[PDB]
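Chemist: Here you go, one structure.
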Amino acid sequence: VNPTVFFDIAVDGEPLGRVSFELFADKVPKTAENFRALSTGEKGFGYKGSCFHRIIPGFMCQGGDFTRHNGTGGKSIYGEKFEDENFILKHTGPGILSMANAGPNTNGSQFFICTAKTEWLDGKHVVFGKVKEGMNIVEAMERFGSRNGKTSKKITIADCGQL
Amino acid sequence: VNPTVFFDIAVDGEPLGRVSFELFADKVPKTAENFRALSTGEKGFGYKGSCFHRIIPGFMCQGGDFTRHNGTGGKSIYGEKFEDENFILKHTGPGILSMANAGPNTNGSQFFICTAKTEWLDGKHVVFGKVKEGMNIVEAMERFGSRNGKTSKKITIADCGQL
Amino acid sequence: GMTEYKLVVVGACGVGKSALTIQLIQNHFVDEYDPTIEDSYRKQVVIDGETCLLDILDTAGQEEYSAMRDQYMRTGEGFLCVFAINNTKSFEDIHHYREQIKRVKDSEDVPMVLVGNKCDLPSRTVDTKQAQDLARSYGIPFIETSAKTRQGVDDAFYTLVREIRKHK
Amino acid sequence: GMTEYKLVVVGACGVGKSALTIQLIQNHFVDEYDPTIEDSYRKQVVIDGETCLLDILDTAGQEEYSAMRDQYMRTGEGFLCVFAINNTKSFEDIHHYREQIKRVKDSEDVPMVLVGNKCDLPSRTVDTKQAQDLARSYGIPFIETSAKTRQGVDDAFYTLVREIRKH
Ligand SMILES: CCn1c(-c2cc(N3CCN(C4CC4)CC3)cnc2[C@H](C)OC)c2c3cc(ccc31)-c1csc(n1)C[C@H](NC(=O)[C@H]1[C@@H]3COC[C@@H]31)C(=O)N1CCC[C@H](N1)C(=O)OCC(C)(C)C2
Ligand SMILES: CCn1c(-c2cc(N3CCN(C4CC4)CC3)cnc2[C@H](C)OC)c2c3cc(ccc31)-c1csc(n1)C[C@H](NC(=O)[C@H]1[C@@H]3COC[C@@H]31)C(=O)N1CCC[C@H](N1)C(=O)OCC(C)(C)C2
Ligand SMILES: Nc1nc2c(ncn2[C@@H]2O[C@H](COP(=O)(O)OP(=O)(O)O)[C@@H](O)[C@H]2O)c(=O)[nH]1
Ligand SMILES: Nc1nc2c(ncn2[C@@H]2O[C@H](COP(=O)(O)OP(=O)(O)O)[C@@H](O)[C@H]2O)c(=O)[nH]1
Ligand SMILES: [Mg+2]
Ligand SMILES: [Mg+2]
């Protein structure tokens, strides 16, 4: 069964709203479990307290660097990096949750949420989830993005866990 | 004899260096006294702890908003704003210390230090001082500026006073 | 992908160009005066059932820099020409901005919308029919707005996008 | 007033475009990989006794977005075409870059400089003669750099400014 996780988003420390995701453990159980475990922090580390370092209106919101907090770090529950599980799922529209990477088989903890169709990323980033509730909060996060993704306010995951 | 004041500049909390200014009390006694008193903090408020919010390479470094810390505020020792004392002195080159404003007779506490000749500001901004020592500190501050002035690091007046 | 529209907000200093833009982008009213050097923003919207990406340039109205408006006028696709309804001088500056945009673009047919901002203020000096006449004589739409109450904010930017689509 | 020069740093991914730019602008080294979407920098310098303002566009080398380089080539005055000494594909990619700028600006005489970064690397795959050969056909220089030690960083950017002044 597909688990459900949530982010409680804050803007400059002020609460913004909750986004929940369904994680497609039925198609990508390894990628889904990494995100699930990092959302609960049950391994001793995870997404709580980290920020969305890149928000580009019309495209996606990227975050997940909880080791360096500069957009270059992050790690998975399996080690520093793990392999691309498969590319069954595609970037079909807004709300898609997918793994950021720096080349083939360099998945860690960085992820992105699409705010539009990004089909040129298909076959290159592993899709593993979709926003279930709170797409308006993701849309609200775009108010603080920019052309190259620099955010004008600090957008953080104040809390997160499993539903 | 003209008074001398210093700024101790820090970059993201790390010390950068000391800049000292001569204030032309002989030519603009009211404007110089405002800047002098705000540097010592003797009125109970002033420049210590405030940041440089606008740095544009090739032109100037601007700071002095100690009331709102967002580029819109600041106040003088005579009230929120005071009048243009005179325009005798010109923006002749790097190191010139001059008053920011939002139109005629709106001098508060915001100031700017030229890193080049800005002659088109003559007659519009009151020049009241020049860098005495530490021009290379000001030049080092430029590396954290941008085209529209937004800074890539927090440039603060970590300490300041009268020599 | 979705179409990207290059919008440029122009007008005299202090008329509310930045306030209008930040209301569009962040749904928040800046009541303080933070004079713009130059700023760019992005927002995806749905106009007439089609999603598109607004790229908005917030410009500087200072008259000392009027000979430097050339580059942004060449790349901009549509222009929001803003005056304040309590500032007769800003309404008179509109003519100079339009003439510039025509001269820079070498065309009489440039997508433009005339915007009378600060319509929440109790004492106007420019009358609504006066701006309507000038808009008619230009062949462009006119919209009264308030960045404080958000009146006509979405309308002004959306009407500019519609003007650009017809220009195609 | 001082003259402004619009330089564009191009090349494939990871060759060191941002590491070179940050060394020029910030005088420190970025050991971590922070891939660029697009960044712009400003810096005033004295080159051959003249104070001038450098406007530097740091670009992304991802091949998926190779069709979108036309806009920044239409605005740029000079181009720092960077390959890596250990990346043969980056060497082959310079031809498509030059042909792009030739077609975008409609000219065959556009100021350019070939930069071979990672000179400090204990490997190689591209020889210096083939670099100077292509450079002699275009009429451009070649400089070997290392952002870790800042070797040749200032030389690379300043040579391109000198090339723009001739045009
Ligand atoms: C040319 C400009 N330009 C665009 C783009 C493109 C378009 N379209 C393209 C598609 N056309 C369709 C056929 C019509 C129309 C025109 C329009 N406007 C733009 C922008 C706004 O112009 C400034 C992009 C884009 C992307 C990159 C570089 C430049 C880019 C880039 C660099 S690295 C990477 N991408 C993968 C990256 N890796 C890491 O972060 C590593 C760090 C270290 O180790 C762990 C960690 C990663 O996984 N993601 C997670 C996924 C989305 C991705 N980032 C990202 O942000 O892309 C943004 C964007 C805007 C979607 C694409
Ligand atoms: C057209 C672009 N453009 C330029 C400019 C110009 C040029 N040159 C002009 C001169 N030519 C030579 C003879 C040929 C060559 C081309 C090149 N490139 C640029 C820039 C980088 O393009 C993005 C500028 C500039 C300035 C403004 C708006 C736009 C500007 C602007 C807005 S408000 C103001 N200016 C006064 C402001 N007031 C407040 O901040 C208010 C806040 C609230 O109430 C208290 C407080 C103030 O007092 N200062 C203290 C003093 C310097 C001043 N800020 C400032 O920052 O100017 C910056 C800059 C770059 C020097 C000028
Ligand atoms: N009452 C009111 N004030 C406004 C409105 N728009 C802007 N202002 C104020 O007018 C001042 C100037 O606004 P600004 O957007 O910075 O002017 P700009 O130079 O055109 O960008 C600010 O203090 C704003 O708060 C408005 O619609 N109503
Ligand atoms: N050994 C070495 N590595 C470098 C050098 N320059 C860049 N790198 C590495 O190359 C990687 C990518 O650098 P980057 O600036 O992002 O290249 P870009 O994608 O073209 O902008 C970084 O990890 C850098 O540390 C260099 O001169 N020597
Ligand atoms: Mg403004
Ligand atoms: Mg880069």
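Every chain in the structure tokens takes a letter, A first, then B, and so on in the order presented; its residues are numbered from 1, and the ligands are numbered from 1 following the presented order.
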Using only C-alpha atoms and all ligand atoms, which residues of the polymer chains come no farther than 12 Å from ligand 5? I'd like the answer as a count of residues only.

Modeler: 34

Chemist: Taking only C-alpha atoms and all ligand atoms and a cut-off of 8 Å, can you tell me which residues surround ligand 4, written as a ChimeraX atom specification?

Modeler: /D:10-21,29-36,58-61,82,117-121,145-150

Chemist: Could you turn the residues from that selection into a file that holds C-alpha atoms, as a PDB file, in the first residue's frame?

Modeler:
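Output file selection_25.pdb is given in full below:
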ATOM      1  CA  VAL D  10      29.799  28.987 -21.593  1.00  0.00           C
ATOM      2  CA  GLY D  11      30.747  25.315 -21.716  1.00  0.00           C
ATOM      3  CA  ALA D  12      29.519  21.855 -20.746  1.00  0.00           C
ATOM      4  CA  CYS D  13      28.525  20.910 -17.202  1.00  0.00           C
ATOM      5  CA  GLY D  14      31.008  20.642 -14.360  1.00  0.00           C
ATOM      6  CA  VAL D  15      33.910  22.056 -16.385  1.00  0.00           C
ATOM      7  CA  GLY D  16      34.270  24.802 -13.764  1.00  0.00           C
ATOM      8  CA  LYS D  17      32.388  27.821 -15.100  1.00  0.00           C
ATOM      9  CA  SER D  18      31.040  28.893 -11.705  1.00  0.00           C
ATOM     10  CA  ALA D  19      34.280  27.993  -9.904  1.00  0.00           C
ATOM     11  CA  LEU D  20      36.168  30.363 -12.214  1.00  0.00           C
ATOM     12  CA  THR D  21      33.573  33.140 -11.935  1.00  0.00           C
ATOM     13  CA  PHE D  29      37.071  28.386  -4.068  1.00  0.00           C
ATOM     14  CA  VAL D  30      33.828  26.406  -4.278  1.00  0.00           C
ATOM     15  CA  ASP D  31      34.770  22.773  -3.720  1.00  0.00           C
ATOM     16  CA  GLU D  32      31.145  21.600  -3.619  1.00  0.00           C
ATOM     17  CA  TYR D  33      29.097  21.101  -6.787  1.00  0.00           C
ATOM     18  CA  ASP D  34      26.265  23.664  -6.940  1.00  0.00           C
ATOM     19  CA  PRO D  35      24.982  23.408 -10.529  1.00  0.00           C
ATOM     20  CA  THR D  36      24.006  26.764 -11.992  1.00  0.00           C
ATOM     21  CA  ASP D  58      27.385  32.438 -15.653  1.00  0.00           C
ATOM     22  CA  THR D  59      25.420  29.884 -17.675  1.00  0.00           C
ATOM     23  CA  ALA D  60      24.282  26.272 -17.413  1.00  0.00           C
ATOM     24  CA  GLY D  61      25.782  23.631 -19.667  1.00  0.00           C
ATOM     25  CA  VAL D  82      35.315  26.789 -21.349  1.00  0.00           C
ATOM     26  CA  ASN D 117      40.240  24.617 -16.750  1.00  0.00           C
ATOM     27  CA  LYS D 118      41.395  21.886 -14.341  1.00  0.00           C
ATOM     28  CA  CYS D 119      45.013  22.436 -15.382  1.00  0.00           C
ATOM     29  CA  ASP D 120      45.918  21.157 -11.898  1.00  0.00           C
ATOM     30  CA  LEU D 121      44.315  17.785 -12.672  1.00  0.00           C
ATOM     31  CA  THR D 145      43.285  27.720 -15.383  1.00  0.00           C
ATOM     32  CA  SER D 146      42.696  26.129 -11.990  1.00  0.00           C
ATOM     33  CA  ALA D 147      40.022  27.531  -9.678  1.00  0.00           C
ATOM     34  CA  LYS D 148      41.480  25.638  -6.701  1.00  0.00           C
ATOM     35  CA  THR D 149      44.748  27.620  -6.828  1.00  0.00           C
ATOM     36  CA  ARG D 150      43.422  30.599  -8.878  1.00  0.00           C
TER      37      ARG D 150
END

Chemist: May I have all residues of region 50-145 of chain A that DSSP, computed from the backbone, assigns to strand (DSSP E), given as a PyMOL selection string?

Modeler: chain A and resi 54-56+60-63+96-99+111-114+127-133

Chemist: Store the residues of this selection in a file with N, CA and C atoms, as an mmCIF file, in the first residue's frame.

Modeler:
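The result, written out as result21.cif:
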data_model
loop_
_atom_site.group_PDB
_atom_site.id
_atom_site.type_symbol
_atom_site.label_atom_id
_atom_site.label_comp_id
_atom_site.auth_asym_id
_atom_site.auth_seq_id
_atom_site.Cartn_x
_atom_site.Cartn_y
_atom_site.Cartn_z
ATOM 1 N N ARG A 54 15.280 26.142 -3.755
ATOM 2 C CA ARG A 54 15.072 26.525 -5.147
ATOM 3 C C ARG A 54 13.586 26.462 -5.457
ATOM 4 N N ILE A 55 13.017 27.602 -5.845
ATOM 5 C CA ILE A 55 11.605 27.709 -6.210
ATOM 6 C C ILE A 55 11.542 28.546 -7.479
ATOM 7 N N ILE A 56 11.140 27.933 -8.587
ATOM 8 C CA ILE A 56 11.054 28.609 -9.870
ATOM 9 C C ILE A 56 9.599 28.604 -10.317
ATOM 10 N N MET A 60 8.862 24.263 -10.666
ATOM 11 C CA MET A 60 8.923 23.351 -9.526
ATOM 12 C C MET A 60 9.506 24.048 -8.302
ATOM 13 N N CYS A 61 9.328 23.391 -7.156
ATOM 14 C CA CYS A 61 9.938 23.759 -5.885
ATOM 15 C C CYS A 61 10.877 22.626 -5.491
ATOM 16 N N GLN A 62 12.141 22.945 -5.222
ATOM 17 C CA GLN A 62 13.128 21.930 -4.883
ATOM 18 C C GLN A 62 13.645 22.145 -3.468
ATOM 19 N N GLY A 63 13.811 21.045 -2.739
ATOM 20 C CA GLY A 63 14.392 21.078 -1.410
ATOM 21 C C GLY A 63 15.043 19.758 -1.049
ATOM 22 N N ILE A 96 3.463 16.491 -9.067
ATOM 23 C CA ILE A 96 4.359 15.345 -9.154
ATOM 24 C C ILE A 96 5.543 15.539 -8.214
ATOM 25 N N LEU A 97 5.883 14.483 -7.482
ATOM 26 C CA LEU A 97 7.025 14.471 -6.579
ATOM 27 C C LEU A 97 8.107 13.583 -7.179
ATOM 28 N N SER A 98 9.324 14.113 -7.282
ATOM 29 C CA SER A 98 10.374 13.419 -8.014
ATOM 30 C C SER A 98 11.733 13.719 -7.393
ATOM 31 N N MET A 99 12.688 12.828 -7.665
ATOM 32 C CA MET A 99 14.015 12.893 -7.068
ATOM 33 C C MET A 99 14.916 13.837 -7.855
ATOM 34 N N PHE A 111 14.668 16.491 -3.501
ATOM 35 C CA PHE A 111 13.464 16.177 -4.254
ATOM 36 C C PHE A 111 12.936 17.466 -4.867
ATOM 37 N N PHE A 112 11.945 17.338 -5.744
ATOM 38 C CA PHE A 112 11.246 18.514 -6.233
ATOM 39 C C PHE A 112 9.775 18.190 -6.438
ATOM 40 N N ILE A 113 8.948 19.226 -6.315
ATOM 41 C CA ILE A 113 7.514 19.149 -6.556
ATOM 42 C C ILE A 113 7.211 19.991 -7.784
ATOM 43 N N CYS A 114 6.629 19.362 -8.797
ATOM 44 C CA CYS A 114 6.286 20.076 -10.015
ATOM 45 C C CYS A 114 5.077 20.970 -9.775
ATOM 46 N N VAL A 127 10.301 9.683 -10.675
ATOM 47 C CA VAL A 127 9.048 10.096 -10.062
ATOM 48 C C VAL A 127 8.637 9.042 -9.042
ATOM 49 N N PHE A 128 8.228 9.489 -7.850
ATOM 50 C CA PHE A 128 7.863 8.537 -6.808
ATOM 51 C C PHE A 128 6.669 8.968 -5.963
ATOM 52 N N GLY A 129 6.013 10.077 -6.277
ATOM 53 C CA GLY A 129 4.896 10.500 -5.454
ATOM 54 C C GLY A 129 4.131 11.623 -6.113
ATOM 55 N N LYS A 130 3.066 12.049 -5.436
ATOM 56 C CA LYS A 130 2.298 13.196 -5.893
ATOM 57 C C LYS A 130 1.628 13.855 -4.697
ATOM 58 N N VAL A 131 1.466 15.177 -4.791
ATOM 59 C CA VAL A 131 0.726 15.914 -3.776
ATOM 60 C C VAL A 131 -0.691 15.368 -3.700
ATOM 61 N N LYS A 132 -1.126 15.030 -2.489
ATOM 62 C CA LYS A 132 -2.496 14.587 -2.256
ATOM 63 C C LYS A 132 -3.372 15.737 -1.775
ATOM 64 N N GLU A 133 -3.009 16.355 -0.654
ATOM 65 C CA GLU A 133 -3.685 17.542 -0.158
ATOM 66 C C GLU A 133 -2.691 18.689 -0.047
#

Chemist: Which of region 88-150 of chain C counts as alpha helix (DSSP H) under DSSP, as an MDAnalysis selection string please?

Modeler: chainID C and resid 88:105 128:138

Chemist: So that I have them on file, write out the residues from the current selection with N, CA, C and O atoms, as an mmCIF file, in the first residue's frame.

Modeler:
data_model
loop_
_atom_site.group_PDB
_atom_site.id
_atom_site.type_symbol
_atom_site.label_atom_id
_atom_site.label_comp_id
_atom_site.auth_asym_id
_atom_site.auth_seq_id
_atom_site.Cartn_x
_atom_site.Cartn_y
_atom_site.Cartn_z
ATOM 1 N N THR C 88 -1.354 64.738 -10.482
ATOM 2 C CA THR C 88 -1.562 65.224 -11.843
ATOM 3 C C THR C 88 -0.279 65.148 -12.660
ATOM 4 O O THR C 88 -0.317 64.849 -13.861
ATOM 5 N N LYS C 89 0.869 65.399 -12.025
ATOM 6 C CA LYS C 89 2.139 65.343 -12.741
ATOM 7 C C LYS C 89 2.413 63.941 -13.276
ATOM 8 O O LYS C 89 2.915 63.784 -14.396
ATOM 9 N N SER C 90 2.087 62.908 -12.494
ATOM 10 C CA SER C 90 2.294 61.541 -12.962
ATOM 11 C C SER C 90 1.397 61.213 -14.150
ATOM 12 O O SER C 90 1.804 60.461 -15.043
ATOM 13 N N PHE C 91 0.179 61.762 -14.176
ATOM 14 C CA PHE C 91 -0.688 61.586 -15.338
ATOM 15 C C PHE C 91 -0.101 62.269 -16.566
ATOM 16 O O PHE C 91 -0.224 61.760 -17.686
ATOM 17 N N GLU C 92 0.552 63.417 -16.376
ATOM 18 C CA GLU C 92 1.173 64.110 -17.498
ATOM 19 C C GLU C 92 2.435 63.399 -17.972
ATOM 20 O O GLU C 92 2.800 63.511 -19.148
ATOM 21 N N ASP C 93 3.116 62.674 -17.080
ATOM 22 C CA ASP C 93 4.296 61.914 -17.480
ATOM 23 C C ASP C 93 3.953 60.737 -18.382
ATOM 24 O O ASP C 93 4.845 60.216 -19.061
ATOM 25 N N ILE C 94 2.687 60.310 -18.402
ATOM 26 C CA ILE C 94 2.289 59.148 -19.194
ATOM 27 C C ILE C 94 2.607 59.366 -20.669
ATOM 28 O O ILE C 94 3.108 58.461 -21.350
ATOM 29 N N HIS C 95 2.329 60.568 -21.181
ATOM 30 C CA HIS C 95 2.581 60.858 -22.591
ATOM 31 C C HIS C 95 4.038 60.609 -22.958
ATOM 32 O O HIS C 95 4.331 60.031 -24.012
ATOM 33 N N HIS C 96 4.964 61.030 -22.095
ATOM 34 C CA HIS C 96 6.382 60.858 -22.386
ATOM 35 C C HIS C 96 6.764 59.385 -22.430
ATOM 36 O O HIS C 96 7.555 58.968 -23.284
ATOM 37 N N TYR C 97 6.203 58.578 -21.527
ATOM 38 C CA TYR C 97 6.515 57.152 -21.515
ATOM 39 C C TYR C 97 6.023 56.470 -22.788
ATOM 40 O O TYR C 97 6.761 55.701 -23.414
ATOM 41 N N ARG C 98 4.775 56.737 -23.186
ATOM 42 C CA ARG C 98 4.247 56.118 -24.399
ATOM 43 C C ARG C 98 5.042 56.534 -25.629
ATOM 44 O O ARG C 98 5.344 55.699 -26.490
ATOM 45 N N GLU C 99 5.370 57.823 -25.737
ATOM 46 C CA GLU C 99 6.166 58.286 -26.870
ATOM 47 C C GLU C 99 7.516 57.585 -26.909
ATOM 48 O O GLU C 99 7.995 57.203 -27.983
ATOM 49 N N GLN C 100 8.143 57.404 -25.743
ATOM 50 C CA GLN C 100 9.390 56.651 -25.678
ATOM 51 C C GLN C 100 9.203 55.239 -26.212
ATOM 52 O O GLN C 100 9.952 54.790 -27.087
ATOM 53 N N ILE C 101 8.195 54.526 -25.701
ATOM 54 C CA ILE C 101 7.996 53.131 -26.088
ATOM 55 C C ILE C 101 7.741 53.019 -27.585
ATOM 56 O O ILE C 101 8.252 52.108 -28.248
ATOM 57 N N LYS C 102 6.952 53.941 -28.141
ATOM 58 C CA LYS C 102 6.744 53.955 -29.586
ATOM 59 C C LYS C 102 8.056 54.211 -30.317
ATOM 60 O O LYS C 102 8.400 53.504 -31.271
ATOM 61 N N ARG C 103 8.812 55.213 -29.862
ATOM 62 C CA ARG C 103 10.067 55.563 -30.518
ATOM 63 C C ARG C 103 11.086 54.434 -30.396
ATOM 64 O O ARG C 103 11.788 54.116 -31.363
ATOM 65 N N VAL C 104 11.160 53.791 -29.226
ATOM 66 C CA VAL C 104 12.103 52.689 -29.040
ATOM 67 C C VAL C 104 11.685 51.466 -29.852
ATOM 68 O O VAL C 104 12.532 50.766 -30.421
ATOM 69 N N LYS C 105 10.385 51.184 -29.919
ATOM 70 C CA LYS C 105 9.900 50.016 -30.644
ATOM 71 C C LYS C 105 9.621 50.289 -32.117
ATOM 72 O O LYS C 105 9.319 49.342 -32.854
ATOM 73 N N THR C 128 -11.792 60.320 -13.768
ATOM 74 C CA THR C 128 -11.852 59.038 -14.465
ATOM 75 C C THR C 128 -12.102 59.216 -15.959
ATOM 76 O O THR C 128 -11.467 58.550 -16.785
ATOM 77 N N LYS C 129 -13.017 60.115 -16.330
ATOM 78 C CA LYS C 129 -13.270 60.348 -17.748
ATOM 79 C C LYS C 129 -12.084 61.006 -18.440
ATOM 80 O O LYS C 129 -11.926 60.850 -19.655
ATOM 81 N N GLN C 130 -11.244 61.728 -17.696
ATOM 82 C CA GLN C 130 -10.059 62.331 -18.300
ATOM 83 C C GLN C 130 -9.058 61.265 -18.731
ATOM 84 O O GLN C 130 -8.502 61.336 -19.833
ATOM 85 N N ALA C 131 -8.819 60.266 -17.877
ATOM 86 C CA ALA C 131 -7.936 59.169 -18.258
ATOM 87 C C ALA C 131 -8.585 58.277 -19.309
ATOM 88 O O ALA C 131 -7.899 57.757 -20.197
ATOM 89 N N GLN C 132 -9.905 58.090 -19.221
ATOM 90 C CA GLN C 132 -10.621 57.313 -20.229
ATOM 91 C C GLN C 132 -10.476 57.938 -21.612
ATOM 92 O O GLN C 132 -10.305 57.225 -22.609
ATOM 93 N N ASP C 133 -10.543 59.269 -21.691
ATOM 94 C CA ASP C 133 -10.372 59.951 -22.971
ATOM 95 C C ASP C 133 -8.980 59.706 -23.541
ATOM 96 O O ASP C 133 -8.829 59.360 -24.719
ATOM 97 N N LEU C 134 -7.946 59.882 -22.714
ATOM 98 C CA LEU C 134 -6.580 59.657 -23.173
ATOM 99 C C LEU C 134 -6.367 58.205 -23.588
ATOM 100 O O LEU C 134 -5.679 57.928 -24.577
ATOM 101 N N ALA C 135 -6.948 57.265 -22.838
ATOM 102 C CA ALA C 135 -6.861 55.860 -23.219
ATOM 103 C C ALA C 135 -7.527 55.617 -24.565
ATOM 104 O O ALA C 135 -6.987 54.898 -25.415
ATOM 105 N N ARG C 136 -8.702 56.212 -24.774
ATOM 106 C CA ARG C 136 -9.391 56.079 -26.053
ATOM 107 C C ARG C 136 -8.554 56.655 -27.188
ATOM 108 O O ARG C 136 -8.371 56.012 -28.227
ATOM 109 N N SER C 137 -8.027 57.867 -26.999
ATOM 110 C CA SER C 137 -7.181 58.487 -28.012
ATOM 111 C C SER C 137 -5.931 57.665 -28.306
ATOM 112 O O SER C 137 -5.361 57.791 -29.395
ATOM 113 N N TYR C 138 -5.494 56.831 -27.361
ATOM 114 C CA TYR C 138 -4.385 55.915 -27.585
ATOM 115 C C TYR C 138 -4.823 54.583 -28.176
ATOM 116 O O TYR C 138 -3.981 53.849 -28.707
#

Chemist: Could you check how far CA of residue 18 (chain A) sits from CA of residue 1 (chain C), in Å to one decimal?

Modeler: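 Computing the Euclidean distance for CA of residue 18 (chain A) and CA of residue 1 (chain C) yields 28.3 Å.
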
Chemist: Could you please tell me, as a compact mmCIF listing (two decimals) with N, CA, C and O atoms, in the first residue's frame, which residues of chain D have an atom within 8 Å of chain B when using only C-alpha atoms?

Modeler:
# COMPACT_ATOMS: atom_id res chain seq x y z
N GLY D 1 32.02 58.28 -17.29
CA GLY D 1 31.70 57.02 -16.64
C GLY D 1 32.44 55.83 -17.22
O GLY D 1 32.81 55.84 -18.40
N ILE D 25 35.14 36.91 -8.82
CA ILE D 25 34.28 37.85 -8.10
C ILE D 25 34.54 37.79 -6.60
O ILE D 25 34.63 38.83 -5.94
N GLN D 26 34.67 36.59 -6.04
CA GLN D 26 34.68 36.41 -4.59
C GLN D 26 36.04 36.02 -4.03
O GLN D 26 36.22 36.09 -2.80
N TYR D 41 26.87 38.53 -12.41
CA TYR D 41 27.80 39.16 -11.47
C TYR D 41 28.28 40.49 -12.04
O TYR D 41 28.23 40.73 -13.25
N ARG D 42 28.74 41.35 -11.13
CA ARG D 42 29.23 42.68 -11.45
C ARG D 42 30.56 42.89 -10.73
O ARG D 42 30.70 42.53 -9.55
N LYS D 43 31.52 43.49 -11.42
CA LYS D 43 32.84 43.70 -10.83
C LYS D 43 33.56 44.80 -11.58
O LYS D 43 33.68 44.74 -12.81
N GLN D 44 34.05 45.80 -10.86
CA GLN D 44 34.84 46.86 -11.46
C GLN D 44 36.32 46.52 -11.30
O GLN D 44 36.75 46.03 -10.25
N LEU D 53 33.79 48.07 -15.95
CA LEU D 53 32.79 47.31 -15.21
C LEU D 53 32.51 46.03 -15.97
O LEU D 53 32.11 46.07 -17.14

Chemist: Within 8 Å of residue 154 (chain B), counting only C-alpha atoms, which residues show up once you throw out same-chain ones fewer than 3 positions away? Write them as a PyMOL selection string, please.

Modeler: chain B and resi 11-13+51-52+151

Chemist: In Å to one decimal, how far is atom 33 (S, counted along the ligand's line) of ligand 2 from CA of residue 102 (chain B)?

Modeler: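 For CA of residue 102 (chain B) relative to atom 33 (S, counted along the ligand's line) of ligand 2, the distance reads 6.3 Å.
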
Chemist: To one decimal place in Å, what is the distance between CA of residue 25 (chain A) and atom 59 (C, counted along the ligand's line) of ligand 1?

Modeler: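 Here the two named atoms are 26.2 Å from each other.
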
Chemist: Could you list, as a list in words, the residues of chain B having an atom within 8 Å of chain C when counting only C-alpha atoms?

Modeler: residues 71, 72, 148 and 149 of chain B

Chemist: For the selection just defined, write its residues with N, CA and C atoms to a file, as a compact mmCIF listing (two decimals), in the first residue's frame.

Modeler:
# COMPACT_ATOMS: atom_id res chain seq x y z
N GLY B 71 15.88 49.00 4.34
CA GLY B 71 16.15 49.99 3.32
C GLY B 71 15.15 51.12 3.23
N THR B 72 14.05 51.06 4.00
CA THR B 72 13.05 52.11 3.96
C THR B 72 13.12 53.06 5.14
N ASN B 148 21.27 45.28 -9.01
CA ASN B 148 20.21 46.07 -8.39
C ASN B 148 20.46 46.33 -6.90
N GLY B 149 21.63 45.96 -6.39
CA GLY B 149 22.05 46.33 -5.06
C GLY B 149 21.85 45.27 -4.00

Chemist: Please identify every residue of chain D that has at least one atom no more than 12 Å from any atom of chain C, counting only C-alpha atoms, and report them as a PDB file with N, CA, C and O atoms, in the first residue's frame.

Modeler:
ATOM      1  N   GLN D  71      19.140  33.649 -26.550  1.00  0.00           N
ATOM      2  CA  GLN D  71      18.822  34.934 -25.936  1.00  0.00           C
ATOM      3  C   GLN D  71      20.063  35.584 -25.338  1.00  0.00           C
ATOM      4  O   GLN D  71      20.337  36.765 -25.582  1.00  0.00           O
ATOM      5  N   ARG D  74      22.570  36.884 -27.905  1.00  0.00           N
ATOM      6  CA  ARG D  74      22.177  38.125 -28.562  1.00  0.00           C
ATOM      7  C   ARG D  74      22.504  39.353 -27.720  1.00  0.00           C
ATOM      8  O   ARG D  74      22.639  40.451 -28.273  1.00  0.00           O
ATOM      9  N   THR D  75      22.639  39.194 -26.401  1.00  0.00           N
ATOM     10  CA  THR D  75      22.965  40.307 -25.521  1.00  0.00           C
ATOM     11  C   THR D  75      24.443  40.383 -25.161  1.00  0.00           C
ATOM     12  O   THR D  75      24.911  41.458 -24.770  1.00  0.00           O
TER      13      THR D  75
END
